[PDB]
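Read the single chain below, which is given as structure tokens and is the form deposited in one PDB entry.
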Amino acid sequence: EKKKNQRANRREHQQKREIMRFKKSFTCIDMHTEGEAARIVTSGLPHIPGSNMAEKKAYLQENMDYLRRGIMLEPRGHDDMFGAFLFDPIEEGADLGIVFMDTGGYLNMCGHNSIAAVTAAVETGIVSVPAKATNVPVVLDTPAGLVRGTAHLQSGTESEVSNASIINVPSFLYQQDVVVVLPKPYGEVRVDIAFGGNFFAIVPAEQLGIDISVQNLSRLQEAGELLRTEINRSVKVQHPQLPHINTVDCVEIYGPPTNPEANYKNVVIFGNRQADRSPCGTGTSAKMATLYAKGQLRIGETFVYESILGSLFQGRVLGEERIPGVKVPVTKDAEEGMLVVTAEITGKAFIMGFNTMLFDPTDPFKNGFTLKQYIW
């Protein structure tokens, strides 16, 4: 009896250690930022060259797209998964290197994921907290530049984060009152184009004729897709100092708030008819840049943006600059130079899982799949 179960358990032990022999694994911290997923890969990635984060992202995108697909798509992920790969920092001042992605492709900047990364870095001990600290800087070296994060620690704890802030890369209004003639039932609409880490078309829900609600999400997704498509066919949008960045990525649709604390509600449509569940950090930065450029938001004033789910992000414009010699369609005098703003965005991320992802060399879905169709 006893020998039989002792022999049994040892065979069972042997089976277990056989598992991860000759199988690739990555370790991940699964977070969400007010409903939006962020899979942060902390170990197991192949070694990637690059003398800066933009070059690392280019390498990934050119040579190792299979990493993204397998981690983001079904069956390990799903069509609304977002994520990030952590690397050593390169740029002076940074704590962590990071490259973002989603089910469509690798990305330059992502605000909700940056908030999640700052949070996870502190809560899991990736960066040290000096004794007695109540705020912990976490500076991210991203393909879009340096993103200066702060984890705000819960009082009484050494590493529990109440919420996190990021200082985004420079944001700016790009072009104003752009008319786009969309098919019925939408008709013509007037939008702003702004950059907040990604380019956004910002448009009022009222122009589209649709109230922002979960039940209207498919209508919003289709309006968003139509608008984005027609913009990139008819309007030249390019970053005037980072020329790798040059098309309209997202459509930010805003309307009246449902929560009293918020200025506005929004939903961001991006990728292939996807919607952000969070209020969207770079989209919030872009909105604040636009409001600022129009005299509707003061430096230091708190701006609160609500998502389709009711979540809030808070932000503030910290400062502005002109860039002598550089211009965008909204800039009046190239001499004076274009107006940029520095914005901080704050929100809350939660740890939802510690994951070890496995890739069997004989799994035909080792690189994932999607069932979502691009409708052309």
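Residue indices: 1-based, along the sequence shown. The term rigid core refers to the maximal set of C-alpha atoms that superpose within 1.5 Å between the two forms.
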Quick note on 130 to 138 and 110 to 118: per-entry mean CA temperature factor is higher in 130 to 138
Of 4 to 12 and 367 to 375, the stretch with the higher mean C-alpha B-factor in the deposited entry is 4 to 12
Of the residues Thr229, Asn163, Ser213, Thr103, the one whose Cα carries the largest B-factor in the deposited record is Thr229
Among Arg316, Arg69, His32, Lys332, highest Cα B-factor in the entry goes to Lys332
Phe87: C-alpha B-factor third of its chain, per the entry, is the lowest
For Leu309, the third of its chain by CA B-factor is the middle
Here the Cα B-factor of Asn246, set against its chain, lands in the third termed highest
Among the modelled residues of its chain, the C-alpha B-factor of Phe303 falls in the third labelled lowest
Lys236: CA temperature factor from the record, placed by chain third, in the highest
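Although it is not shown, the form deposited in another entry is what the next lines describe.
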Core-superposed between this form and the one not shown, the one of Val122, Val189, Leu297, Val169 with a C-alpha shift of 2 Å or more is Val189
- Message: Aligned on the rigid core, do the two forms place the Cα of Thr150 2 Å or more apart, comparing between this form and the one not shown?
- Response: no
Rigid core fit then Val136 CA moved by 2 Å or more between this form and the one not shown:
no
Is the shift of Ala94 between this form and the one not shown large enough to count as movement, that is, does its C-alpha move by 2 Å or more after the core is superposed? no
Shown form as baseline, in the other form, CA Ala334-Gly145 shift of 3 Å or more puts them farther
